[PDB]
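# Observations on chain architecture
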Amino acid sequence: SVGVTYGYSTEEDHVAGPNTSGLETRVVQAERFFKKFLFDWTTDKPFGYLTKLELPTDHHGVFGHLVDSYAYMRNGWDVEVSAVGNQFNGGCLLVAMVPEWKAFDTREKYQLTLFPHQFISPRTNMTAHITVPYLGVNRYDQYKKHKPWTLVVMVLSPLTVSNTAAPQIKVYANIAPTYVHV
Amino acid sequence: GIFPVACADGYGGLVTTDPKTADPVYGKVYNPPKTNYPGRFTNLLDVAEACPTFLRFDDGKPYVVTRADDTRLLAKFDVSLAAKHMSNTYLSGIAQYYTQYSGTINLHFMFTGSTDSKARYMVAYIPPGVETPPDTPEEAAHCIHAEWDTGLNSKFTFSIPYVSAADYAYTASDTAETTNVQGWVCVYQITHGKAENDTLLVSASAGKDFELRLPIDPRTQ
Amino acid sequence: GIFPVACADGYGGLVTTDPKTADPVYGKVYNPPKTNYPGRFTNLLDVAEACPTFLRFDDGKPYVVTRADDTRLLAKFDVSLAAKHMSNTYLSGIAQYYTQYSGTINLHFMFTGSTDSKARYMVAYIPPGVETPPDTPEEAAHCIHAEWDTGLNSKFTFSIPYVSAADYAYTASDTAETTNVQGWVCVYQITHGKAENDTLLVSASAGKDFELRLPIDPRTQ
Amino acid sequence: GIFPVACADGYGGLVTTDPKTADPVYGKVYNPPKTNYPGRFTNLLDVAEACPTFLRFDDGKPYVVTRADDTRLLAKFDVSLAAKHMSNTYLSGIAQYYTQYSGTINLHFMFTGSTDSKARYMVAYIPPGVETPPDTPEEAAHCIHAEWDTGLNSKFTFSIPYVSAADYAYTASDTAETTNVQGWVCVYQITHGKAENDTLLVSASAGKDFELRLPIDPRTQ
Amino acid sequence: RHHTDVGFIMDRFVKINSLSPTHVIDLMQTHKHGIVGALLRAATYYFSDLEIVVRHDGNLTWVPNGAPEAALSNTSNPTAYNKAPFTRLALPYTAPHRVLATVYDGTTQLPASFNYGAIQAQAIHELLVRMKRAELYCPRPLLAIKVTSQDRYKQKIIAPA
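Parameters at a glance
Residues numbered from 1 in each chain as written, not as in the entry; some residues may be left out. Chains lettered and ligands numbered in written order. Part of a larger assembly, values for the part shown. Heavy atoms only, no water. Residues with missing side-chain atoms left out of burial classes, pairs and counts. Helix = DSSP H or I, 4+ residues; strand = E, 2+ residues; numbered from the N terminus. Buried < 20%, exposed > 50% of the residue type's maximum accessible area, 1.4 Å probe, protein only. Contact = heavy atoms within 4.5 Å. Least-squares fit on C-alpha atoms. Buried area = accessible area lost by both parts, 1.4 Å probe. Polar contact = N/O pair within 3.5 Å; in protein donor to acceptor, adjacent residues only side chain to side chain. Pairing = 2+ DSSP bridges. Salt bridge = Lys/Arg side-chain N within 4 Å of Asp/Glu carboxyl O. Nonpolar A, V, L, I, M, F, W, Y, C, P; charged D, E, K, R; others polar.

Its PDB header names cryo-EM as the technique used to obtain the model and reports a resolution of 8.2 Å.

Quick look at the structure:
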């Protein structure tokens, strides 16, 4: 694999701190992977076909229990994207880690890769893998009113097919927070 | 006991560039030091190094139409600091707010066919005024050129030397002459191996050299 | 031999916050040094530590109506920095002359029945947005809670952690939304032992944390 | 705590000669250091040393009509700092922008006949007021004079001592008196050897002494 | 490399369109192609000190954020009086957050937080604002002028005669 590529830094972090940190310690068992549906992708979509995913969806997890607890919190985020195919495909998709997402417009499309990112083509990668360290306005956050992050993908190359390949591909990804303090 | 009041004869303009400062008023106020926060940076340039870009062709499709047959000419674009080939371009906007600029320019290439497929391509510079675009790899080569293959690598980054008139140039271009400022610097290829449908990507970026002098608004604020 | 009179272009406003000083005139006058005089202080905060306060309920009676029977709910108030529960309050007035404030808040409790009487009570915090006040000690506890008894002590001081949105907040409250800023943080109890008529007192005060940023008049001077 | 504002009573004129400076605005900008570039200089004087000049006679022909026969008088010109003999002259223009000047003045001579030809000539100074130009070498000599021949040298440089009234003088001349400021300092010769057609050249230049004080425009800007 | 480290770019001024007997003070009030805010908008999170200049009349007066507006004219929280024609002040940061930003997606109106505040007077004409020691975080997308005609682009250039 291309291996991990970090967002802005690579380091073990502060984990234990002041009153709220003392009150909102690293509840490690709040952590667990799962899978989300992303989108479909056939020879149909021409370039520019955006598809966004706000974060984080509800989830029947201990994490998910607290994300309703409706309280000051902080979190981490670890992303691992892929889409199984076969070496006769061809193209290029773009995976994206967006801070403070806004509805884009045609012209700015051509700018995406400001953000941390990888490439998506059945040759080089088979496993995207990306992590954002926390941030936000407060030292902490309360979700429901806001979303500091989102996980978006959009076309970066038309998709090719021959007889040998599979005319449809599904795309998965891996979403689970880390480094949680509540 | 007055000190000689060597008064000022006509200076001290409230004007733009000035470095003069002011007086805190509801002042003397701390803030929690903002170190250790991520996403720090200083330089539009330097952040424009690790980040590549994209391009555009009249087909409005960022990637390159990459015909795969007996054709020899691939396609030809231009690289100004402001040109239809390079509008939607993290440099130009940052650029277009300037007049003087200097230093090398960067590019990229990303392949599309399955790795098995052999391939040949040839980047090539052309100086602004050869009076004729080349039409064969070896005679194209006479200006500047290089190679790679699908073999052993898929990415690549390329550069044109910062040729000019003087050791600087104008960002915007003129409406008083004809000759293109740079040329039509583009790519050739040797026999395509096999492909039902290729595709190419391409970028630009800051590197060791992309520099500027400065600055004024052009726009209609 | 004039020194260059680098005159001032437009500064130096006779304005409010300024630190500039003046010239003594009928000056050069001593005073008997005022040390060793009692009652010295500096800090509204610090003097608001050793001094507790009181509260108020619609009965206009500062103490708490403390019913002593099978009831489970005691009474529920709020703690803003400006609220009917906490007007006549050595903090708020000092507070209401400010906008930014931070840090923990203090309370007190003073019992009334004869010491022999066993008792149970339960302070409990509630975060602003639980969407439902608790109605049982153990499920109330889920937010924040603690205990004491008549036994071995009669006084007590309590604190809520300075939860907020950011590490600061507005003193006055808004007329653009609904949700209470803090909640309805109040007290529960386990079976009353015996009493013909109880009573409770309660205060607030500065402590290690009560802080501010600053300042403007609100009033209609 | 004001410092005594010892204000200025009437000084500080925006005027010409001043040494006062200004404030960079779109400033803090380097340039590639311009050392090692050729053609450096500082002094109009010093560059007027290695470079000779020419002269003029009514024939508009820079060289000297050099008759070669029994004649004794060669020709007589003048050397002011501003005179028909010396207009088109790298000194005067540089000079004519000044009023005070001092120091010796330079000349040159370049021969024309074939080297074999023997020759004789005699430079000679005349002070402004001898009331009669000399008419014979030895009596000319009484003021100042010297010699050379074709033999062993062809070039030569000559000088008049900076005689004057005071240790300085006016560049332009007056319209209130008659006497020439310098004289008619010119050259004699002993028997010409043989020549079908000679020719002479002559210059002036800065040397160890050519100095000035300064300056004002005369012209009609 | 001796520019595009903001420390030199964002220490100039910029006009602001609107005014009124009272007037909120914010960066996003700036024009979205004035060279000032472009870079600003070109980023996600930014902080600075702050300097401001106002050509005005009467009694310019200012309050920091998180305050009851209803109480400005009275009792004159800090200020200095009238003097024509230039007047130059600087405010220090006051907002309840350890950093500003540009846009805050929450279920697109700008939040009620990032608020250098407002000033009040009886007559207000001209406004000059200024950024100190600033820093920026997570740069954001950015555009240039759009391309319409054929060749590369065309534009007039000054020149003598």
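Having seen the structure, we can now continue with the description.
Moving on: the side chain of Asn89(A). Residues and elements named next belong to chain A. Its place among the elements puts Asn 89 in the loop between β4 (77-82) and β5 (93-99). You can call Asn 89 buried: its relative accessible area is 7%. Apart from the residues within four sequence positions on either side, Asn 89 is in contact with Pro 122, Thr 160, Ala 165, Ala 166 and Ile 169.

Here the focus is the environment of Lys118(B). All names here are of chain B. Mapped onto the fold, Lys 118 is located in the loop between β2 (105-106) and β3 (124-125). Residue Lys 118 is classed as exposed on the basis of its relative accessible area, which comes to 66%. As for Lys 118 and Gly 10, which are separated by 108 residues in sequence, their C-alpha atoms are 75 Å apart. If we ignore the near neighbours within four places in the chain, the residues touching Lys 118 are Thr 150 and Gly 193.

For these two chains of identical sequence, chain D goes onto chain B by a turn of 72° and a shift of 0.1 Å along the axis, with RMSD 0.0 Å. The operation mapping one copy onto its partner corresponds to a five-fold rotation axis. Of every C-alpha in chain D, the one belonging to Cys7(D) sits nearest the axis of rotation, 5.2 Å from it.

Further remarks concern the interface of chain B and chain E. Counting residues at the interface gives 53 residues for chain B, matched by 48 residues for chain E. Both sides together, the interface formed by chain B and chain E hides about 4,700 Å², and carbon and sulfur atoms give 62% of it. Across the contact surface, chain B and chain E share 16 residue pairs in polar contact. Those elements that provide at least two residues to the side of chain B that touches chain E are α1 (44-50), α2 (90-95) and β7 (211-213) of chain B.

Next up on the list: unusual backbone geometry. Along the chain, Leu55(A) connects to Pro56(A) via a cis peptide bond; the corresponding omega equals -15°. Here the amide bond leading from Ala84(E) into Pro85(E) is cis, since omega sits at -10°, within 30 degrees of zero. You can see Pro85(E) is positioned in the loop between β3 (61-63) and β4 (88-91). One non-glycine residue, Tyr179(A), lies in positive phi territory at about 55°.

A word on the sheet that holds strand β3 (residues 50-51) of chain A. Residues and elements named next belong to chain A. Spatially, the four strands line up as an open sheet ordered β3-β8-β5-β6, and their pairing is antiparallel. Each of the sheet's edge strands pairs with one partner strand only, and the pair in question is β3 and β6 (117-120). Strand direction decides the pairing type here: β5 and β6, joined by four bridges, are antiparallel. Each residue of the ladder has a partner; that of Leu 94, found in β6, is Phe 119.

This part covers the sheet that holds strand β1 (residues 100-102) of chain C. In a beta sheet, neighbouring strands are held together by backbone hydrogen bonds and run either parallel or antiparallel to one another. Residue and element names in this part refer to chain C. Within the open sheet, the three strands sit side by side as β6-β1-β7. Their pairing is antiparallel. Edge positions in the open sheet fall to β6 (169-170) and β7 (211-213), since each of these has one partner strand only. Sheet topology places β1 next to β6; two bridges connect them, and they run antiparallel. From the neighbouring strand, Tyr 101 faces β6, where its bridge partner is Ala 169.

Once their charged atoms are close, side chains differing in charge can pair, the charge on each being opposite to the other. A complete count under the given rule lists 12 salt bridges over all chains for this structure. In this structure, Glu49(B) and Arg1(E) form a salt bridge, with 2.4 Å as the shortest nitrogen-oxygen distance. Of this pair, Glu49(B) sits in helix α1 while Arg1(E) sits in the segment before β1 (22-25), which puts the two residues in different chains. With a relative accessible area of 40%, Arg1(E) lands in the partly exposed category. One salt-bridge network, held together by shared partners, links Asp46(B), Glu49(B), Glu211(B) and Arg1(E).

Listed by partner, the interface residues are 14 residues for chain D and 13 residues for chain B. For the pair chain D and chain B, the two sides together bury roughly 1,200 Å², of which 61% comes from carbon and sulfur. Contact with chain B buries area across many residues of chain D, yet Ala6(D), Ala8(D) and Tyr26(D) alone supply 46% of it, more than any other trio. Between chain D and chain B we count seven residue pairs in polar contact in total. Its residues assigned to classes, the side of chain D that touches chain B shows 10 nonpolar, three polar and one charged.

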